[PDB]
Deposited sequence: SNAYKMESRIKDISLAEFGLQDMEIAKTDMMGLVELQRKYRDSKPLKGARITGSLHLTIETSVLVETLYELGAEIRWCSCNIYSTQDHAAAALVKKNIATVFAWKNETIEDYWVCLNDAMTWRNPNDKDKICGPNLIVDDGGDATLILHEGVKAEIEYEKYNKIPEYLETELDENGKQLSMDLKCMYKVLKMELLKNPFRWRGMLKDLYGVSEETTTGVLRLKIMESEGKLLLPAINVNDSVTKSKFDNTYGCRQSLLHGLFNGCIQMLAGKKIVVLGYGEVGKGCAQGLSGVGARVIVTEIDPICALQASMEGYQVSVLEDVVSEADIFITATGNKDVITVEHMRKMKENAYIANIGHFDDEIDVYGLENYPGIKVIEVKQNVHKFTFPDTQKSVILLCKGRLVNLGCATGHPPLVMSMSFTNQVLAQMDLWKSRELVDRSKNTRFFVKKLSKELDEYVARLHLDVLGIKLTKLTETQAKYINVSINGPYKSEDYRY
């Protein structure tokens, strides 16, 4: 037994949930039906760092049926669905390092173990994955920081001091994620100081699932420091305009209904950030009678919010009157402890963005004399000692739809994961320096949509030759120019 999971006996519930889920994941069902025998990913070692849900287990199953060997971990300490994880282990579909309620330390150990492969020749030698499926950039981060650490290690033939200290370049305390990651890097430098650089040779790419992960990729790219090809799956139209928006419209409500006992109707609920995710959040909240107040830094998004009937305000002007706060920025320090101190009694705070630092959870937990009580497994009420007023935080500020619920439903995830399988296949067939972040073709993007039309009984109109020539498109697409915004 190499996998490290919660409980293998939950396998059958997972397997059963996978089959029910699969009814609507027609994109993944079709890729399996079309490629299970030809196996286009045969020989590929794939490491995944992505919320291990039932939907994800179907993604993993799909990659496995296309011939890949798979190792997997979750990209969040609270998102793993333990029955989903056990289904993959029992069936020998993948080697898994993930469980619900991981410590930060265990998060980084699991990611590192998922990145570790034993060479098919001899078990003595370690090697890396050929491909990476990433959500948030953590697997991509540990690889680049691993390489940087090794280069610093050789340069002075000793452990770089930045890995043996609790402080950053400016004397401040390092985040728990960096301390735990640096601890893993130091350990690996002593076991093998060419571990990370040795992987670069066999690494053919990474396919990134989400906006926060993409931003990280784009930053590396513009600095000329990206060390492998990358496909941006987030910005496929069938991902960003469906998963991000429609997926959150349902999964935000599910997370809120599970964690927040109150009625949303008539409540002033602040949605911080009105991008693809924020738009979905507001639509769902209004659907159940909430009066949505939006905050934005972008004047275009602000205007869009206003066109849908929502008030647009700065947090300071509403922090004392609003009832519920939802961060959807992908930024950091959007809700501070100071903001929290001004909120009304039993105001709720939740985050749906990828990382928990949108909310100053650290400042809240380390506030002098603060009291905390567990409302439920993942809901905590914090009471400030000076005012005696309390705020209620959902799942310690981690993405609420996956921390307090089961994330987006199968339909949109099938669309997102169909893009993932296609991105992986593209990277694999192109396998062989300035590396780029590219997106999938519009042809494939439309194809993903075509694969899901029958789920919903959608009947598509077909162009005539005359109409096609008139609007200047092929009868079979693509139907829009590259800059079309949908």
property	result
Deposited positions lacking CA coordinates	1-5, 438-444
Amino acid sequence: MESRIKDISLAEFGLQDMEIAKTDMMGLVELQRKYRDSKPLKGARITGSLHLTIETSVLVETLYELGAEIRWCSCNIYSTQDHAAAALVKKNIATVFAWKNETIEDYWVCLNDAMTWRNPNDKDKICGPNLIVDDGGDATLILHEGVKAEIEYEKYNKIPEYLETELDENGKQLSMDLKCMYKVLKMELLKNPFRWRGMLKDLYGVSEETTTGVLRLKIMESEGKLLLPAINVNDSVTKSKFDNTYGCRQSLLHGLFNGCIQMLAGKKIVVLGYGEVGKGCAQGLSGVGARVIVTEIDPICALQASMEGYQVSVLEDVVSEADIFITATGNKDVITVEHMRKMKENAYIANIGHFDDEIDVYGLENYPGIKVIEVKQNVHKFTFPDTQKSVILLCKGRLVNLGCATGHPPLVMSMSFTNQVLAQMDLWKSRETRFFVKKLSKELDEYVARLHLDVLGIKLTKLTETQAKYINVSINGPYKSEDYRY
From here on, numbers count along this sequence of modelled residues.
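For clarity, a rigid core is taken as the largest C-alpha set superposing within 1.5 Å between two forms.
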| property | result |
| --- | --- |
| Stretch departing more from the displayed form, 434-442 or 52-60, Cα RMS in 6 other deposited structures of this protein (core fit) | 434-442 |
| In 6 other deposited structures of this protein, rigid core aligned: more displaced of 402-410 and 154-162 by C-alpha RMS | 154-162 |
| No coordinates for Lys123 in a third or more of the other PDB entries | yes |
| Which of 250-258 and 186-194 has higher mean CA B factor, as the PDB entry lists it | 186-194 |
| Selected stretch [higher average CA B-factor]: 92-100 or 138-146 | 92-100 |
| Options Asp243, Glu152, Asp235, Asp298 - largest CA temperature factor per the record | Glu152 |
| Largest Cα B-factor, entry values, listed residues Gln283, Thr329, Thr165, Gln304 | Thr165 |
| Within-chain third of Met176 by Cα B-factor, per the entry | highest |
| Among modelled residues of the same chain, the CA temperature factor third for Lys480 | middle |
| Chain-relative CA temperature factor third for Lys201 | highest |
| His51 by Cα B-factor - lowest, middle or highest third of the modelled chain | lowest |
| Within-chain third of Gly363 by Cα B-factor, per the entry | highest |
